[PDB]
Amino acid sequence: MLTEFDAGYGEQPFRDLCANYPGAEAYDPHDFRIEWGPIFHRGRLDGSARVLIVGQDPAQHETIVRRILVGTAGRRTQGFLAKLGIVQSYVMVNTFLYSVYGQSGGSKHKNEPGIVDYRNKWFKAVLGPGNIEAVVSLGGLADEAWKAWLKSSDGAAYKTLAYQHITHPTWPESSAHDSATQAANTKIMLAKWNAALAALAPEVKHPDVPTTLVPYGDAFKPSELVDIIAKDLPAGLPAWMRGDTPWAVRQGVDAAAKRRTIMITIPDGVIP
């Protein structure tokens, strides 16, 4: 009858990190959805994490759960980790605290000191315990974020740490709308992902589950889409918030109204 949960940011240095976060002085209130407040991480902050994930920016599901990467992008990432034998021993952090409000106008402010400095503080903290043995960045901006981190004083000691830059999980659906082109690019992604998994498997010497590598096909299998674990969510959040069915979307008659609203809908089958 036991249900696990994440108990948040009560221990240092995370406690101070979450009380002194940057707002409109670092993140432009127009090009960033700072109106929803910062979503900080996902995963273990007790030091048991073995792989670090660097994502890009949060979406609307994350805006409700208050943990990053809990949508479709997250479930694809869970399956990627599962292939390495990693089931719970991970920590994820985003390139941006807030969501980009574009227009994909994310790279417009990638050089803001107030933004990079604060992210580096989170990198310094999660890497501090020295237990991370692999780092994976999602997309090109996370890639630039990690590489800019290794060029800083505090991060210079991680140039040797196993690292793979892979394509952002939502690239196929972001690059085209036709199911045909989307399916073709997915095959291209899964092929590139297979190359990264082969390079990381020998570096991950402490998996939650010993696992022989099984590569992706041309398309995703349902088993390669893994639900977020209960242990990642705050206390009390229902099981369907970490299920396979979408439940949050932005809704508005125009752009101004759509930005101001998130609609939450419980999947069918929960309520008798």
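In this text, residue numbers run from 1 along the sequence as written.
Stretches compared: 103-111, 134-142. Higher mean C-alpha B-factor in the entry: 103-111. Of the two segments examined, 168-176 and 68-76, it is 168-176 that shows the higher average Cα temperature factor in the deposited entry. Note on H41, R44, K205, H61: the highest value goes to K205, judged by CA B factor as recorded. Going by the entry's values, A219 shows the largest Cα B-factor out of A219, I229, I53, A49. When the CA B factors of the chain's modelled residues are split into thirds, the value for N94 lands in the lowest one. For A196, the recorded CA B-factor ranks within the middle third of the chain. Only modelled residues enter the ranking.
Among the modelled residues of its chain, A184 has a C-alpha B-factor that falls in the highest third, as given in the PDB entry. Sort the chain's modelled residues by C-alpha temperature factor and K121 lands in the lowest third, per the entry.
Residue-level temperature factors show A19 in the middle third of its chain, judged at the C-alpha atom.
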